[PDB]
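> no FASTA, just this:
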Ligand SMILES: C[C@]12CC[C@@H]3c4ccc(OS(N)(=O)=O)cc4CC[C@H]3[C@@H]1CCC2=O
Ligand SMILES: [Zn+2]
């Protein structure tokens, strides 16, 4: 009886195995745009993905992860609210059963159709596993998806999903350029938070871009054909793999922009 997104194992059950679920810096949150304070001390974000080397795409039973070779200092996030340098290890999405929900963060309670997370680990902790034990171990860049025009840079991801339909399937996925998933503007909100799935570790500096990307209805419909279940198990469509907004508690959301 492992965690998931269903009635019996979903977000409102996670605290039993992961008591930090009710902790002081849980994610995601609602971003109240009027209460978020402009911080002129925040730097422009530095997103350096020119040398990013993707290796593989994996259906892990709760999402699909596009994994990167992080053996060298290549694809790095720095600046913005960050001290030091954070290395890209994977990206994944959260999405809905319908276009009207799917994002984890919300903006003045607005839910987007989906949300992209680019996960980076702080190089001062040597690897991904040690970094998640530290309050500044990860930086996750969050990008909202709305349904409209297709995102050409997403189609290579959409087209491989047929080959990883079920939990535990992986496929070679080399030479994928994540620069094709970024909006024009790097304006952002930032706050200290957590992983949004178990083990819900409070190790993340969240950086959430203001500008959504547009994807087509057909692109997000193909996300919704994936399966939570393994091959030869009862088919459970991989939809609504988002955690709802959690209490902000003693936190401030800062804006990079006026
Ligand atoms: C803690 C973790 C690294 C981070 C992993 C992670 C990262 C992001 C994530 O999603 S999110 N939405 O917080 O970016 C989920 C998970 C669950 C498995 C987690 C892994 C389990 C063992 C390990 O080393
Ligand atoms: Zn995520």
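Arrived safely. Numbers count the residues shown, from 1 in each chain. Ligands and ions are numbered 1, 2, ... in the order given.
> Flag every residue of the stretch 51-200 of the chain that's near ligand 1.
Residues of the stretch 51-200 of the chain lying near ligand 1 by C-beta under 6 Å from any ligand atom: 117, 119, 128-129, 132, 140, 195-197, 199. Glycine gets a C-beta too; all of them are placed from N, C-alpha and C.
> Just the buried ones from these?
Buried subset of these (neighbour count, 16 or more other C-beta atoms under 10 Å): 117, 119, 128, 132, 140, 195-197.
> Residue 193 and residue 248, how far apart?
Distance from residue 193 to residue 248, counting by C-beta to C-beta, to the nearest Å: 10 Å.
> would you turn the buried ones among the residues of the stretch 51-200 of the chain next to ligand 1 into a markdown table with secondary structure?
Formatted as a markdown table, these follow (DSSP: H, G, I helix; E, B strand; the rest coil):
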| residue | secondary structure |
| --- | --- |
| 117 | strand |
| 119 | strand |
| 128 | helix |
| 132 | coil |
| 140 | strand |
| 195 | coil |
| 196 | coil |
| 197 | coil |
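> what's the most distant pair in those residues?
128 and 196 (16.5 Å; C-beta to C-beta).
> Of residue 193 and residue 248, which one has the most company?
residue 193 (25 against 17; other C-beta atoms under 10 Å).
> Does that one touch residue 23 like I think?
No - assessed by C-beta atoms under 8 Å, residue 193 is found out of contact with residue 23, at 9.7 Å.
> who's in contact with the most centrally placed residue in the chain?
Using C-alpha atoms, centre = their mean, the residue of the chain that lies closest to the mean C-alpha position is residue 117, 2.1 Å off. Residue 117 sits next to 91-94, 140-142, 196 when contact means C-beta atoms under 8 Å, 6 or more residues apart in numbering.
> Then residue 63?
Applying C-beta under 8 Å, 6+ apart, we find residue 63 in contact with 92-94, 238, 241.
> Relative to ligand 1, how far out is residue 250?
In this view, residue 250 and ligand 1 are 21 Å apart by C-beta to the nearest ligand atom, to the nearest Å.
> Okay, and that residue sits in which element?
Per DSSP states H and E: residue 250 is located in neither a helix nor a strand.
> Specify the local secondary structure of the closest residue in space to it that isn't next to it in sequence.
Nearest residue to residue 250, sequence neighbours excluded (C-beta to C-beta, 6 or more residues apart in numbering): residue 24, at 6.6 Å. On the three-state scheme (three-state DSSP), residue 24 is labelled coil.
> quick one: common contacting residues for residue 193 and residue 248?
residue 29.
> show me the contacts for the nearest residue to residue 108 once chain neighbours are set aside.
Spatial nearest neighbour of residue 108, excluding adjacent residues (C-beta to C-beta, 6+ apart): residue 33 at 5.5 Å. Going by C-beta under 8 Å, 6+ apart, residue 33 touches 107-108, 255.
> can you redo those as TSV with secondary structure, distance to residue 155 and neighbour count?
Converted to TSV, the contacts of residue 33 look like this (DSSP: H, G, I helix; E, B strand; the rest coil; distance: C-beta to C-beta, whole Å; neighbours: other C-beta atoms under 10 Å):
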residue	secondary structure	distance to residue 155	neighbour count
107	strand	26	18
108	coil	31	10
255	strand	32	18
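> and of those, the nearest to residue 83?
Nearest member of those to residue 83, counting by C-beta to C-beta, is residue 255, at 19.2 Å.
> Can you tell me how far that closest one is from residue 144?
Residue 255 is 15 Å from residue 144, where distance means C-beta to C-beta.
> Good, we can wrap up now.
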